[PDB]
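J.: Here it is, the structure in full.
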Amino acid sequence: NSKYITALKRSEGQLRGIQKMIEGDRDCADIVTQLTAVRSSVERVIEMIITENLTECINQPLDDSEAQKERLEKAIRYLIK
Amino acid sequence: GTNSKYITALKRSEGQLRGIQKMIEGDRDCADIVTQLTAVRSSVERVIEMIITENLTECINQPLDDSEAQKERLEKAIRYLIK
Amino acid sequence: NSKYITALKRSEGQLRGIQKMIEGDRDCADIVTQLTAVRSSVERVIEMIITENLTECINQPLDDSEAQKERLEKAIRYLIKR
Amino acid sequence: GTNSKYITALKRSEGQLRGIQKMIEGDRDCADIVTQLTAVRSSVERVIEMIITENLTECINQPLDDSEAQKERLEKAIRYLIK
Amino acid sequence: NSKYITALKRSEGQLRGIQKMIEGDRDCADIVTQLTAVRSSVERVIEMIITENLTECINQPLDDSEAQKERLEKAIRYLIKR
Amino acid sequence: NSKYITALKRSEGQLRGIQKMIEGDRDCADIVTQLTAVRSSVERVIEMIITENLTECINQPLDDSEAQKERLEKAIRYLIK
Ligand SMILES: [Cl-]
Ligand SMILES: [Cl-]
Ligand SMILES: [Cl-]
Ligand SMILES: [Cl-]
Ligand SMILES: [Cl-]
Ligand SMILES: [Cl-]
Ligand SMILES: [Cl-]
Ligand SMILES: [Cl-]
Ligand SMILES: [Cl-]
Ligand SMILES: [Cl-]
């Protein structure tokens, strides 16, 4: 949905800002702090997509038993990777 | 040189974020969206690790001549590695 | 669960146990090992709770499909954290 | 089919362990030795995750008809995922 | 360090704090959050100790090169754990 | 050194045993327990090699400053990967 796109757009804005921080010779801690914030915000989108995908696989199973087996397995594999 | 390498990587990553944005607007494939999101996450983490690694390295390789300054400097460098 | 409250007593007592050793200038390797054990015992309570909550969520779903979806999402989100 | 897939992977891994053994006896390259050790570790972890994933999947997809049995079964399946 | 002993008091008190809530059949989401905070506060003491020990190991090496090697190895091994 | 080879040989023995466990239709928990033990023993060799390598880079630096910089960085990168 459209909540991810806002969050991705922000991360993208922060990434170009961090570019300006390196190209202006800012220090290790200021740069790492911002990069970590970008990293967590991307990870949070990843987690939300994985969570929603696994929820829908559990909550709305396919008719075919083997198909539903393979679909849950793929959803869970993302959870533990 | 070091710093240009970082900026190339970060510009790749922000480019991939825009691509991923277009995917989600299209209700495009969910397994693909996670794969490329993970690729962005990994490349950002790569830059983080390189910066922390270089910082710690030059703490060890180029110690400060004030001993208390050097203790505090190394502690911060190691804590960045820990976190 | 008095399951958890006995485990939280062990850990809490282990913490003041550790605290004597730091007061003691005592063996640094021991102190870390003992702190790590406290950390793990707390974590296993955390994992037991979130496991139970997701189990109840899967086995006893809400009546309303949308409510159950939001409920599953939150239960799953507690898994992918540490 | 499932089980043959696992055995192929595990036999690859034990083969790579013997290769790594020969490397260390030769005082061979340390960066290579870690890379391939990590590859073995990853492939073993892949088998672990597949087994835990399938176990959890068939807990959900094929629930037990005793309700208390099914609660205990699912709890163990999720705890394997957690650990 | 009385640095650590104040932190270990907060955590230990937070644990019996949590324990009231489990006795309370209290909000499950809160309980996990509060346990996670205890887990993190213990971990940060762990990381502070191992960071200090490796710092002292790098800055104040032993006289004997082999002894220093074994000493560095053990200090580094405490990093790569969780 | 030769302590790694003993440990690797054991892991290799356990891996073929786990093969016999699957090919004899043993259950999820027994198989996972053994595979986890193999995984930790491999990881422990990895950690020991990384630890020793980083120790020697710190304890026995190269003469050249840039060379020593790149060598420590590679050693530390393995530590945090
Ligand atoms: Cl994260
Ligand atoms: Cl943010
Ligand atoms: Cl690289
Ligand atoms: Cl991380
Ligand atoms: Cl101490
Ligand atoms: Cl696969
Ligand atoms: Cl793991
Ligand atoms: Cl509870
Ligand atoms: Cl491990
Ligand atoms: Cl073993």
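Chain labels A, B, ... are given in the sequence in which chains occur in the structure tokens; within each chain residues are numbered consecutively from 1, and ligands are likewise numbered from 1 in the order shown.
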Tell me as a PyMOL selection string which residues belonging to chain A come within 10 Å of chain C, counting only C-alpha atoms.

T.: chain A and resi 47-48+50-56+58-60+79-80

J.: When the cut-off is 12 Å and you count only C-alpha atoms and all ligand atoms, which residues lie near ligand 6, shown as a list in words?

T.: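 Taking only C-alpha atoms and all ligand atoms into account, the residues around ligand 6 at most 12 Å away are residues 70, 73, 74, 75, 76, 77, 78 and 81 of chain A; 2, 5, 6, 9, 43, 45, 46, 47, 48, 49, 50, 51, 53 and 54 of chain D.
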
J.: Could you tell me which residues of chain E sit within 9 Å of chain C when counting only C-alpha atoms, and give me the result as a VMD selection string?

T.: chain E and resid 1 to 2 4 to 5 8 to 9 11 to 13 15 to 16 18 to 19 22 to 23 25 28 31 to 32 35 to 36 38 to 40 42 to 43 45 to 46 49 to 50 53 78

J.: Given identical sequences, can you show me chain D least-squares superposed on chain B via all its Cα atoms in order, as an mmCIF file with N, CA, C and O atoms, in the first residue's frame?

T.:
data_model
loop_
_atom_site.group_PDB
_atom_site.id
_atom_site.type_symbol
_atom_site.label_atom_id
_atom_site.label_comp_id
_atom_site.auth_asym_id
_atom_site.auth_seq_id
_atom_site.Cartn_x
_atom_site.Cartn_y
_atom_site.Cartn_z
ATOM 1 N N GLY D 1 38.592 9.277 -2.597
ATOM 2 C CA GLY D 1 38.592 7.877 -2.984
ATOM 3 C C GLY D 1 37.715 6.974 -2.126
ATOM 4 O O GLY D 1 36.764 6.367 -2.631
ATOM 5 N N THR D 2 38.050 6.868 -0.833
ATOM 6 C CA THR D 2 37.157 6.217 0.128
ATOM 7 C C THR D 2 35.770 6.840 0.095
ATOM 8 O O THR D 2 34.755 6.138 0.014
ATOM 9 N N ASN D 3 35.714 8.169 0.176
ATOM 10 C CA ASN D 3 34.434 8.850 0.294
ATOM 11 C C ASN D 3 33.654 8.807 -1.014
ATOM 12 O O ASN D 3 32.421 8.730 -0.989
ATOM 13 N N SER D 4 34.337 8.832 -2.161
ATOM 14 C CA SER D 4 33.613 8.670 -3.419
ATOM 15 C C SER D 4 33.017 7.272 -3.524
ATOM 16 O O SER D 4 31.878 7.108 -3.976
ATOM 17 N N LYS D 5 33.752 6.254 -3.076
ATOM 18 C CA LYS D 5 33.197 4.906 -3.067
ATOM 19 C C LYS D 5 31.890 4.852 -2.293
ATOM 20 O O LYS D 5 30.926 4.221 -2.738
ATOM 21 N N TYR D 6 31.832 5.502 -1.131
ATOM 22 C CA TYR D 6 30.592 5.484 -0.358
ATOM 23 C C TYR D 6 29.455 6.144 -1.128
ATOM 24 O O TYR D 6 28.325 5.644 -1.136
ATOM 25 N N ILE D 7 29.737 7.268 -1.790
ATOM 26 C CA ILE D 7 28.665 8.035 -2.416
ATOM 27 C C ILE D 7 28.098 7.295 -3.617
ATOM 28 O O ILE D 7 26.882 7.282 -3.832
ATOM 29 N N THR D 8 28.961 6.652 -4.406
ATOM 30 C CA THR D 8 28.489 5.755 -5.456
ATOM 31 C C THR D 8 27.515 4.716 -4.908
ATOM 32 O O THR D 8 26.428 4.511 -5.460
ATOM 33 N N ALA D 9 27.896 4.048 -3.816
ATOM 34 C CA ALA D 9 27.033 3.028 -3.230
ATOM 35 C C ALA D 9 25.722 3.629 -2.737
ATOM 36 O O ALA D 9 24.652 3.047 -2.925
ATOM 37 N N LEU D 10 25.782 4.788 -2.091
ATOM 38 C CA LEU D 10 24.545 5.350 -1.564
ATOM 39 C C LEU D 10 23.626 5.809 -2.688
ATOM 40 O O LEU D 10 22.401 5.710 -2.558
ATOM 41 N N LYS D 11 24.194 6.286 -3.804
ATOM 42 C CA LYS D 11 23.370 6.717 -4.930
ATOM 43 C C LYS D 11 22.742 5.530 -5.654
ATOM 44 O O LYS D 11 21.599 5.618 -6.115
ATOM 45 N N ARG D 12 23.471 4.417 -5.775
ATOM 46 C CA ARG D 12 22.843 3.168 -6.194
ATOM 47 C C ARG D 12 21.633 2.836 -5.317
ATOM 48 O O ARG D 12 20.547 2.523 -5.825
ATOM 49 N N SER D 13 21.805 2.911 -3.991
ATOM 50 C CA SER D 13 20.742 2.514 -3.073
ATOM 51 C C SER D 13 19.519 3.417 -3.194
ATOM 52 O O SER D 13 18.382 2.932 -3.164
ATOM 53 N N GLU D 14 19.718 4.736 -3.298
ATOM 54 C CA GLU D 14 18.545 5.599 -3.414
ATOM 55 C C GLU D 14 17.852 5.400 -4.757
ATOM 56 O O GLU D 14 16.616 5.450 -4.826
ATOM 57 N N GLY D 15 18.624 5.141 -5.820
ATOM 58 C CA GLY D 15 18.026 4.729 -7.079
ATOM 59 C C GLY D 15 17.173 3.479 -6.951
ATOM 60 O O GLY D 15 16.058 3.421 -7.477
ATOM 61 N N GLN D 16 17.682 2.456 -6.252
ATOM 62 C CA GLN D 16 16.891 1.232 -6.103
ATOM 63 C C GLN D 16 15.627 1.461 -5.279
ATOM 64 O O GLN D 16 14.599 0.820 -5.538
ATOM 65 N N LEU D 17 15.682 2.358 -4.290
ATOM 66 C CA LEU D 17 14.493 2.728 -3.529
ATOM 67 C C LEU D 17 13.411 3.324 -4.428
ATOM 68 O O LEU D 17 12.237 2.953 -4.322
ATOM 69 N N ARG D 18 13.778 4.241 -5.335
ATOM 70 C CA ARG D 18 12.776 4.748 -6.278
ATOM 71 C C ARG D 18 12.191 3.639 -7.140
ATOM 72 O O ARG D 18 10.976 3.602 -7.364
ATOM 73 N N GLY D 19 13.032 2.734 -7.642
ATOM 74 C CA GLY D 19 12.508 1.605 -8.398
ATOM 75 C C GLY D 19 11.521 0.785 -7.593
ATOM 76 O O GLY D 19 10.439 0.447 -8.069
ATOM 77 N N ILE D 20 11.871 0.490 -6.339
ATOM 78 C CA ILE D 20 10.985 -0.279 -5.480
ATOM 79 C C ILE D 20 9.668 0.462 -5.275
ATOM 80 O O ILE D 20 8.590 -0.148 -5.267
ATOM 81 N N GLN D 21 9.732 1.789 -5.135
ATOM 82 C CA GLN D 21 8.522 2.603 -5.037
ATOM 83 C C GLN D 21 7.582 2.344 -6.206
ATOM 84 O O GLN D 21 6.382 2.122 -6.016
ATOM 85 N N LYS D 22 8.115 2.383 -7.428
ATOM 86 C CA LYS D 22 7.279 2.178 -8.605
ATOM 87 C C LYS D 22 6.646 0.792 -8.591
ATOM 88 O O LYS D 22 5.476 0.632 -8.950
ATOM 89 N N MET D 23 7.397 -0.210 -8.130
ATOM 90 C CA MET D 23 6.876 -1.568 -8.006
ATOM 91 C C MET D 23 5.630 -1.621 -7.134
ATOM 92 O O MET D 23 4.637 -2.268 -7.490
ATOM 93 N N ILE D 24 5.674 -0.970 -5.971
ATOM 94 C CA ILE D 24 4.575 -1.093 -5.022
ATOM 95 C C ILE D 24 3.333 -0.390 -5.552
ATOM 96 O O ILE D 24 2.204 -0.857 -5.342
ATOM 97 N N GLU D 25 3.517 0.725 -6.264
ATOM 98 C CA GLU D 25 2.392 1.425 -6.875
ATOM 99 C C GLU D 25 1.682 0.554 -7.904
ATOM 100 O O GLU D 25 0.467 0.685 -8.096
ATOM 101 N N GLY D 26 2.416 -0.340 -8.568
ATOM 102 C CA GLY D 26 1.863 -1.266 -9.539
ATOM 103 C C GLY D 26 1.288 -2.546 -8.979
ATOM 104 O O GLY D 26 0.854 -3.402 -9.759
ATOM 105 N N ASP D 27 1.271 -2.703 -7.650
ATOM 106 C CA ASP D 27 0.950 -3.981 -7.010
ATOM 107 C C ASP D 27 1.801 -5.104 -7.603
ATOM 108 O O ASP D 27 1.317 -6.201 -7.898
ATOM 109 N N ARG D 28 3.088 -4.815 -7.793
ATOM 110 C CA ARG D 28 3.998 -5.760 -8.416
ATOM 111 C C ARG D 28 4.369 -6.856 -7.418
ATOM 112 O O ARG D 28 3.876 -6.902 -6.287
ATOM 113 N N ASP D 29 5.243 -7.760 -7.855
ATOM 114 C CA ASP D 29 5.440 -9.027 -7.162
ATOM 115 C C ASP D 29 6.036 -8.826 -5.776
ATOM 116 O O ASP D 29 7.018 -8.096 -5.606
ATOM 117 N N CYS D 30 5.456 -9.505 -4.787
ATOM 118 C CA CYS D 30 5.834 -9.254 -3.401
ATOM 119 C C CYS D 30 7.187 -9.880 -3.060
ATOM 120 O O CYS D 30 7.984 -9.287 -2.319
ATOM 121 N N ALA D 31 7.471 -11.069 -3.605
ATOM 122 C CA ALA D 31 8.767 -11.708 -3.384
ATOM 123 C C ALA D 31 9.902 -10.884 -3.986
ATOM 124 O O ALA D 31 10.981 -10.782 -3.390
ATOM 125 N N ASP D 32 9.679 -10.298 -5.173
ATOM 126 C CA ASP D 32 10.661 -9.384 -5.754
ATOM 127 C C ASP D 32 10.860 -8.152 -4.879
ATOM 128 O O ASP D 32 11.992 -7.681 -4.699
ATOM 129 N N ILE D 33 9.767 -7.593 -4.354
ATOM 130 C CA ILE D 33 9.878 -6.350 -3.594
ATOM 131 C C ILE D 33 10.735 -6.559 -2.350
ATOM 132 O O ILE D 33 11.588 -5.725 -2.020
ATOM 133 N N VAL D 34 10.545 -7.682 -1.656
ATOM 134 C CA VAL D 34 11.368 -7.987 -0.487
ATOM 135 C C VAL D 34 12.818 -8.219 -0.892
ATOM 136 O O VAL D 34 13.743 -7.749 -0.220
ATOM 137 N N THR D 35 13.045 -8.935 -1.994
ATOM 138 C CA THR D 35 14.418 -9.217 -2.399
ATOM 139 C C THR D 35 15.196 -7.928 -2.621
ATOM 140 O O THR D 35 16.334 -7.791 -2.158
ATOM 141 N N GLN D 36 14.589 -6.952 -3.291
ATOM 142 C CA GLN D 36 15.341 -5.747 -3.608
ATOM 143 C C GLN D 36 15.425 -4.805 -2.418
ATOM 144 O O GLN D 36 16.458 -4.165 -2.197
ATOM 145 N N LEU D 37 14.360 -4.729 -1.623
ATOM 146 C CA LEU D 37 14.450 -4.050 -0.340
ATOM 147 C C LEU D 37 15.609 -4.599 0.485
ATOM 148 O O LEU D 37 16.430 -3.844 1.011
ATOM 149 N N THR D 38 15.713 -5.923 0.574
ATOM 150 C CA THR D 38 16.825 -6.518 1.305
ATOM 151 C C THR D 38 18.165 -6.112 0.701
ATOM 152 O O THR D 38 19.120 -5.838 1.434
ATOM 153 N N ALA D 39 18.245 -6.039 -0.635
ATOM 154 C CA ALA D 39 19.475 -5.592 -1.282
ATOM 155 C C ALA D 39 19.833 -4.174 -0.880
ATOM 156 O O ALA D 39 21.004 -3.874 -0.629
ATOM 157 N N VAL D 40 18.850 -3.277 -0.815
ATOM 158 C CA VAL D 40 19.140 -1.928 -0.333
ATOM 159 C C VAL D 40 19.624 -1.980 1.111
ATOM 160 O O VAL D 40 20.668 -1.418 1.457
ATOM 161 N N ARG D 41 18.892 -2.686 1.965
ATOM 162 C CA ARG D 41 19.296 -2.785 3.366
ATOM 163 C C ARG D 41 20.737 -3.264 3.475
ATOM 164 O O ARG D 41 21.536 -2.675 4.209
ATOM 165 N N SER D 42 21.104 -4.291 2.691
ATOM 166 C CA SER D 42 22.454 -4.844 2.764
ATOM 167 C C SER D 42 23.501 -3.839 2.331
ATOM 168 O O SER D 42 24.585 -3.773 2.924
ATOM 169 N N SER D 43 23.222 -3.076 1.274
ATOM 170 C CA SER D 43 24.237 -2.156 0.795
ATOM 171 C C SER D 43 24.427 -0.978 1.753
ATOM 172 O O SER D 43 25.548 -0.490 1.902
ATOM 173 N N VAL D 44 23.350 -0.508 2.396
ATOM 174 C CA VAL D 44 23.463 0.496 3.454
ATOM 175 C C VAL D 44 24.256 -0.050 4.635
ATOM 176 O O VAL D 44 25.103 0.642 5.207
ATOM 177 N N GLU D 45 23.971 -1.287 5.035
ATOM 178 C CA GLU D 45 24.729 -1.913 6.111
ATOM 179 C C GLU D 45 26.202 -2.068 5.731
ATOM 180 O O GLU D 45 27.090 -1.884 6.570
ATOM 181 N N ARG D 46 26.479 -2.387 4.463
ATOM 182 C CA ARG D 46 27.864 -2.423 4.003
ATOM 183 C C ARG D 46 28.580 -1.090 4.220
ATOM 184 O O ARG D 46 29.737 -1.063 4.655
ATOM 185 N N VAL D 47 27.928 0.027 3.894
ATOM 186 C CA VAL D 47 28.575 1.315 4.120
ATOM 187 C C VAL D 47 28.801 1.544 5.606
ATOM 188 O O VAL D 47 29.871 2.024 6.023
ATOM 189 N N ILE D 48 27.808 1.197 6.430
ATOM 190 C CA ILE D 48 27.937 1.342 7.878
ATOM 191 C C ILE D 48 29.157 0.583 8.375
ATOM 192 O O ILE D 48 30.014 1.127 9.085
ATOM 193 N N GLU D 49 29.266 -0.684 7.980
ATOM 194 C CA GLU D 49 30.342 -1.531 8.480
ATOM 195 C C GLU D 49 31.702 -1.017 8.023
ATOM 196 O O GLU D 49 32.668 -1.036 8.793
ATOM 197 N N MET D 50 31.795 -0.538 6.776
ATOM 198 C CA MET D 50 33.060 -0.002 6.291
ATOM 199 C C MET D 50 33.497 1.211 7.104
ATOM 200 O O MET D 50 34.693 1.390 7.367
ATOM 201 N N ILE D 51 32.548 2.080 7.463
ATOM 202 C CA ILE D 51 32.894 3.305 8.187
ATOM 203 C C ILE D 51 33.323 2.972 9.605
ATOM 204 O O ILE D 51 34.326 3.484 10.114
ATOM 205 N N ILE D 52 32.564 2.103 10.260
ATOM 206 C CA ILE D 52 32.912 1.660 11.598
ATOM 207 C C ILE D 52 34.250 0.929 11.579
ATOM 208 O O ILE D 52 35.109 1.148 12.440
ATOM 209 N N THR D 53 34.449 0.056 10.590
ATOM 210 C CA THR D 53 35.710 -0.673 10.473
ATOM 211 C C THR D 53 36.887 0.284 10.305
ATOM 212 O O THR D 53 37.891 0.185 11.022
ATOM 213 N N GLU D 54 36.785 1.227 9.363
ATOM 214 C CA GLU D 54 37.883 2.175 9.178
ATOM 215 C C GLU D 54 38.121 2.987 10.441
ATOM 216 O O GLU D 54 39.270 3.244 10.821
ATOM 217 N N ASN D 55 37.042 3.420 11.097
ATOM 218 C CA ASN D 55 37.197 4.205 12.317
ATOM 219 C C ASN D 55 37.963 3.418 13.371
ATOM 220 O O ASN D 55 38.946 3.905 13.944
ATOM 221 N N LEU D 56 37.547 2.177 13.610
ATOM 222 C CA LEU D 56 38.239 1.336 14.578
ATOM 223 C C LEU D 56 39.677 1.085 14.150
ATOM 224 O O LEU D 56 40.590 1.049 14.985
ATOM 225 N N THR D 57 39.896 0.891 12.852
ATOM 226 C CA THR D 57 41.236 0.583 12.377
ATOM 227 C C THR D 57 42.176 1.734 12.673
ATOM 228 O O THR D 57 43.321 1.536 13.097
ATOM 229 N N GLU D 58 41.725 2.954 12.414
ATOM 230 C CA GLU D 58 42.647 4.063 12.575
ATOM 231 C C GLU D 58 42.755 4.472 14.032
ATOM 232 O O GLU D 58 43.678 5.205 14.396
ATOM 233 N N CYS D 59 41.822 4.021 14.873
ATOM 234 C CA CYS D 59 42.010 4.100 16.319
ATOM 235 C C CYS D 59 43.190 3.259 16.753
ATOM 236 O O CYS D 59 44.021 3.691 17.560
ATOM 237 N N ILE D 60 43.254 2.034 16.237
ATOM 238 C CA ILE D 60 44.330 1.121 16.609
ATOM 239 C C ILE D 60 45.629 1.522 15.935
ATOM 240 O O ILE D 60 46.699 1.534 16.560
ATOM 241 N N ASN D 61 45.559 1.821 14.640
ATOM 242 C CA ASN D 61 46.751 2.018 13.819
ATOM 243 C C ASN D 61 47.376 3.385 14.089
ATOM 244 O O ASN D 61 48.589 3.558 13.912
ATOM 245 N N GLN D 62 46.585 4.359 14.550
ATOM 246 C CA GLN D 62 47.043 5.743 14.713
ATOM 247 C C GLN D 62 46.659 6.270 16.089
ATOM 248 O O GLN D 62 45.844 7.190 16.200
ATOM 249 N N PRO D 63 47.187 5.688 17.163
ATOM 250 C CA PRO D 63 46.646 5.988 18.492
ATOM 251 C C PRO D 63 46.909 7.432 18.882
ATOM 252 O O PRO D 63 47.874 8.050 18.433
ATOM 253 N N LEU D 64 46.004 7.980 19.690
ATOM 254 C CA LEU D 64 46.145 9.353 20.146
ATOM 255 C C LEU D 64 47.221 9.449 21.214
ATOM 256 O O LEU D 64 47.533 8.484 21.916
ATOM 257 N N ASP D 65 47.792 10.631 21.328
ATOM 258 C CA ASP D 65 48.999 10.773 22.104
ATOM 259 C C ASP D 65 48.672 11.141 23.542
ATOM 260 O O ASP D 65 49.482 10.907 24.445
ATOM 261 N N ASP D 66 47.492 11.700 23.762
ATOM 262 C CA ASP D 66 46.839 11.666 25.058
ATOM 263 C C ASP D 66 46.265 10.287 25.359
ATOM 264 O O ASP D 66 45.444 9.749 24.606
ATOM 265 N N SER D 67 46.683 9.730 26.495
ATOM 266 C CA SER D 67 46.332 8.358 26.825
ATOM 267 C C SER D 67 44.860 8.240 27.213
ATOM 268 O O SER D 67 44.190 7.275 26.829
ATOM 269 N N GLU D 68 44.339 9.204 27.984
ATOM 270 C CA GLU D 68 42.915 9.183 28.316
ATOM 271 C C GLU D 68 42.045 9.453 27.095
ATOM 272 O O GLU D 68 40.989 8.826 26.927
ATOM 273 N N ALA D 69 42.457 10.397 26.244
ATOM 274 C CA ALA D 69 41.759 10.596 24.979
ATOM 275 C C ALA D 69 41.722 9.306 24.174
ATOM 276 O O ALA D 69 40.681 8.936 23.619
ATOM 277 N N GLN D 70 42.843 8.591 24.131
ATOM 278 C CA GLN D 70 42.916 7.381 23.321
ATOM 279 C C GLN D 70 42.056 6.265 23.906
ATOM 280 O O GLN D 70 41.453 5.485 23.161
ATOM 281 N N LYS D 71 41.985 6.169 25.236
ATOM 282 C CA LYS D 71 41.066 5.218 25.859
ATOM 283 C C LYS D 71 39.621 5.512 25.470
ATOM 284 O O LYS D 71 38.873 4.607 25.082
ATOM 285 N N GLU D 72 39.201 6.776 25.591
ATOM 286 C CA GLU D 72 37.816 7.116 25.285
ATOM 287 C C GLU D 72 37.528 6.916 23.805
ATOM 288 O O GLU D 72 36.450 6.439 23.431
ATOM 289 N N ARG D 73 38.486 7.281 22.953
ATOM 290 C CA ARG D 73 38.336 7.096 21.513
ATOM 291 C C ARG D 73 38.150 5.623 21.153
ATOM 292 O O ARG D 73 37.262 5.263 20.366
ATOM 293 N N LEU D 74 38.994 4.752 21.712
ATOM 294 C CA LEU D 74 38.927 3.335 21.371
ATOM 295 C C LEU D 74 37.639 2.705 21.891
ATOM 296 O O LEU D 74 37.031 1.859 21.221
ATOM 297 N N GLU D 75 37.214 3.107 23.086
ATOM 298 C CA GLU D 75 35.967 2.598 23.634
ATOM 299 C C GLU D 75 34.792 2.901 22.712
ATOM 300 O O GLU D 75 34.050 1.990 22.331
ATOM 301 N N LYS D 76 34.650 4.165 22.288
ATOM 302 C CA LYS D 76 33.602 4.524 21.328
ATOM 303 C C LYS D 76 33.723 3.732 20.029
ATOM 304 O O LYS D 76 32.718 3.287 19.466
ATOM 305 N N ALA D 77 34.944 3.553 19.531
ATOM 306 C CA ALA D 77 35.122 2.790 18.303
ATOM 307 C C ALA D 77 34.661 1.347 18.471
ATOM 308 O O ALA D 77 34.040 0.778 17.564
ATOM 309 N N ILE D 78 34.991 0.726 19.604
ATOM 310 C CA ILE D 78 34.590 -0.661 19.811
ATOM 311 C C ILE D 78 33.087 -0.770 20.024
ATOM 312 O O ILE D 78 32.458 -1.708 19.536
ATOM 313 N N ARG D 79 32.493 0.172 20.754
ATOM 314 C CA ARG D 79 31.046 0.173 20.974
ATOM 315 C C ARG D 79 30.267 0.295 19.673
ATOM 316 O O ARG D 79 29.257 -0.389 19.497
ATOM 317 N N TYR D 80 30.779 1.075 18.706
ATOM 318 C CA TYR D 80 30.147 1.111 17.383
ATOM 319 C C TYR D 80 30.192 -0.257 16.720
ATOM 320 O O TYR D 80 29.227 -0.683 16.074
ATOM 321 N N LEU D 81 31.297 -0.969 16.905
ATOM 322 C CA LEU D 81 31.423 -2.321 16.382
ATOM 323 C C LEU D 81 30.429 -3.259 17.066
ATOM 324 O O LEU D 81 29.853 -4.149 16.427
ATOM 325 N N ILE D 82 30.220 -3.070 18.375
ATOM 326 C CA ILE D 82 29.349 -3.951 19.156
ATOM 327 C C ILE D 82 27.892 -3.788 18.739
ATOM 328 O O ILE D 82 27.107 -4.740 18.812
ATOM 329 N N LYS D 83 27.486 -2.577 18.375
ATOM 330 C CA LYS D 83 26.068 -2.256 18.312
ATOM 331 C C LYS D 83 25.533 -2.651 16.945
ATOM 332 O O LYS D 83 26.279 -2.629 15.963
#

J.: Residues at most 8 Å from ligand 9, using only C-alpha atoms and all ligand atoms? Could they come as a list in words?

T.: residues 36, 39, 40, 41, 43 and 44 of chain F

J.: Show me, as an MDAnalysis selection string, the residues that have an atom within 12 Å of residue F:27 when counting only C-alpha atoms, minus same-chain residues fewer than 3 positions from it.

T.: (chainID D and resid 3 51:52 55) or (chainID F and resid 18 21:24 30:34)

J.: Store the residues of this selection in a file with N, CA, C and O atoms, as an mmCIF file, in the first residue's frame.

T.:
data_model
loop_
_atom_site.group_PDB
_atom_site.id
_atom_site.type_symbol
_atom_site.label_atom_id
_atom_site.label_comp_id
_atom_site.auth_asym_id
_atom_site.auth_seq_id
_atom_site.Cartn_x
_atom_site.Cartn_y
_atom_site.Cartn_z
ATOM 1 N N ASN D 3 13.194 -35.307 1.433
ATOM 2 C CA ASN D 3 14.286 -35.864 2.216
ATOM 3 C C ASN D 3 15.519 -36.118 1.358
ATOM 4 O O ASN D 3 16.645 -35.971 1.844
ATOM 5 N N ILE D 51 13.564 -27.381 7.537
ATOM 6 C CA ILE D 51 12.896 -28.395 8.356
ATOM 7 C C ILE D 51 11.962 -27.731 9.353
ATOM 8 O O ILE D 51 10.813 -28.148 9.540
ATOM 9 N N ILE D 52 12.448 -26.682 10.005
ATOM 10 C CA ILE D 52 11.626 -25.929 10.935
ATOM 11 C C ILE D 52 10.445 -25.300 10.203
ATOM 12 O O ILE D 52 9.306 -25.336 10.682
ATOM 13 N N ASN D 55 7.938 -27.978 9.322
ATOM 14 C CA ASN D 55 7.273 -28.430 10.541
ATOM 15 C C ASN D 55 6.198 -27.439 10.967
ATOM 16 O O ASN D 55 5.045 -27.814 11.212
ATOM 17 N N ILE F 18 23.577 -37.484 10.403
ATOM 18 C CA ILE F 18 22.286 -36.840 10.208
ATOM 19 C C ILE F 18 21.656 -37.325 8.911
ATOM 20 O O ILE F 18 20.438 -37.502 8.823
ATOM 21 N N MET F 21 19.887 -40.272 9.733
ATOM 22 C CA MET F 21 18.679 -40.001 10.509
ATOM 23 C C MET F 21 17.517 -39.641 9.595
ATOM 24 O O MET F 21 16.389 -40.099 9.804
ATOM 25 N N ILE F 22 17.771 -38.829 8.571
ATOM 26 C CA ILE F 22 16.699 -38.484 7.647
ATOM 27 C C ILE F 22 16.288 -39.705 6.835
ATOM 28 O O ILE F 22 15.099 -40.020 6.719
ATOM 29 N N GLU F 23 17.263 -40.439 6.312
ATOM 30 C CA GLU F 23 17.017 -41.633 5.517
ATOM 31 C C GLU F 23 16.427 -42.778 6.350
ATOM 32 O O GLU F 23 15.982 -43.784 5.781
ATOM 33 N N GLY F 24 16.368 -42.631 7.674
ATOM 34 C CA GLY F 24 15.602 -43.533 8.515
ATOM 35 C C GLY F 24 14.352 -42.931 9.133
ATOM 36 O O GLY F 24 13.754 -43.525 10.042
ATOM 37 N N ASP F 30 14.870 -34.311 16.671
ATOM 38 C CA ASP F 30 16.130 -35.040 16.740
ATOM 39 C C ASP F 30 17.068 -34.597 15.634
ATOM 40 O O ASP F 30 18.275 -34.426 15.858
ATOM 41 N N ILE F 31 16.530 -34.417 14.426
ATOM 42 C CA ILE F 31 17.348 -33.972 13.307
ATOM 43 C C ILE F 31 17.826 -32.541 13.524
ATOM 44 O O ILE F 31 19.007 -32.234 13.322
ATOM 45 N N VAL F 32 16.923 -31.638 13.923
ATOM 46 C CA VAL F 32 17.326 -30.238 14.081
ATOM 47 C C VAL F 32 18.362 -30.100 15.188
ATOM 48 O O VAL F 32 19.325 -29.338 15.062
ATOM 49 N N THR F 33 18.182 -30.828 16.287
ATOM 50 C CA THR F 33 19.148 -30.743 17.376
ATOM 51 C C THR F 33 20.549 -31.072 16.878
ATOM 52 O O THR F 33 21.507 -30.361 17.189
ATOM 53 N N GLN F 34 20.684 -32.126 16.074
ATOM 54 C CA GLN F 34 22.006 -32.520 15.599
ATOM 55 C C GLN F 34 22.552 -31.516 14.591
ATOM 56 O O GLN F 34 23.744 -31.186 14.611
#

J.: Got a sec to check which residues lie within 8 Å of ligand 2, using only C-alpha atoms and all ligand atoms, and send them as a PyMOL selection string?

T.: chain A and resi 7+10-11+37-38+40-41
